[PDB]
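As structure tokens, the structure follows; a few thoughts come after it.
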Amino acid sequence: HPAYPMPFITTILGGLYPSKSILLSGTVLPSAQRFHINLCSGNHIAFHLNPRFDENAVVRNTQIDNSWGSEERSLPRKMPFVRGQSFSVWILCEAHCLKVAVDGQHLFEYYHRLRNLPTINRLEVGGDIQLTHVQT
Ligand SMILES: CC(=O)N[C@H]1[C@H](O[C@H]2[C@@H](O)[C@H](O)[C@@H](CO)O[C@@H]2O)O[C@H](CO)[C@@H](O[C@@H]2O[C@H](CO)[C@H](O)[C@H](O)[C@H]2O)[C@@H]1O
Ligand code: NI
């Protein structure tokens, strides 16, 4: 299984809605600094998932009108992403929040800030990973 171009951008026809799943698989580069997965709406970023190896954290935020909101960094366990290690991310959309799992295990919830779900119809992946598969 080869790799996707990076950054990878694709429309999510029909946008989001409860029960909608977006799956991604790949491998973190050996000396990755950071990588991100964005769910966008027009010129806004409804959900920014940003694992950071320099900061050993997983940052989540929303960018509306070019303004980043309050970051969410809480984690129930140790940073699951590891340099040079393969991973899978499952983003499940629900009515009030996005539920995110990493390597088959729930990691966190992110309450919707941009609530018009159908308008969130673009996926962007960028950063220090080798993207091997996407399921929208
Ligand atoms: C720790 C932190 O909040 N880091 C963000 C940084 O904050 C400033 C400052 O506001 C803060 O008080 C201080 C505390 O130590 O740290 C920094 O000096 O601000 C930058 C720029 O907004 C953030 O980086 C951006 O984060 C976005 C998601 O929130 C997105 O990933 C951008 O790509 C990234 O540049 C720091 O996360
Ligand atoms: Ni496929």
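Each value in this text was obtained by applying a stated rule to the coordinates, not by laboratory testing. Cβ sites come from the backbone with ideal geometry, for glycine too, and all protein chains shown count toward neighbours.
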Quick check on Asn116: is it on the phi > 0 side of the Ramachandran plot and surrounded by fewer than 12 Cβ atoms within 10 Å (Cβ to Cβ)? no
Tell me which of these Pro80 doesn't satisfy, since it passes every other one: (1) of a type outside the set (A, V, I, L, M, F, W, C); (2) surrounded by 13 or more Cβ atoms within 10 Å (Cβ to Cβ); (3) part of a strand (DSSP E or B). (3)
Of the residues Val125, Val89, which is touching an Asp or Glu at 6+ places or on another chain (Cβ under 9 Å) and within 16 Å of ligand 2 (Cβ to nearest atom)? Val89
Suppose we keep only residues that are touching a strand residue (DSSP E or B) at 6+ places or on another chain (Cβ under 9 Å) and part of a loop (DSSP other than H, G, I, E, B) within the stretch 83-104. Which one would you say is surrounded by the fewest Cβ atoms within 10 Å (Cβ to Cβ)? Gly104
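Quick grid of which residues meet (1) within 16 Å of ligand 1 (Cβ to nearest atom); (2) touching a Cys at 6+ places or on another chain (Cβ under 9 Å); (3) not charged (D, E, K, R):
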| residue | (1), (2), (3) |
| --- | --- |
| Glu94 | no, no, no |
| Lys99 | no, yes, no |
| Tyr110 | yes, yes, yes |
| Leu123 | no, yes, yes |
| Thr132 | no, no, yes |
| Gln135 | no, no, yes |
Check every one of the strands (runs of 3 or more DSSP E) wholly within the stretch 18-61 and list those with 1 or more residues that are more than 16 Å from ligand 1 (Cβ to nearest atom), within 14 Å of the chain's Cα centre (by Cα) and exposed (fewer than 15 other Cβ atoms within 10 Å of the Cβ). 21-28
Expected single match for surrounded by fewer than 19 Cβ atoms within 10 Å (Cβ to Cβ) and over 15 Å from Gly26 (Cβ atoms) among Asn121, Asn66 is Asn66
Return yes when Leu75 is closer than 22 Å to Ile129 by Cβ and assigned to a strand (DSSP E or B) and no when it is not. no
Residues of the stretch 96-136 that turn out to be within 16 Å of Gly14 (Cα to Cα) and free of Cβ contacts under 8 Å to residues at least 24 places away in the same chain, as a count: 1
Looking at the stretch 44-68 only, could you name the residues that are closer than 13 Å to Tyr110 by Cα and of a type in the set (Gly, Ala, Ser)? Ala46
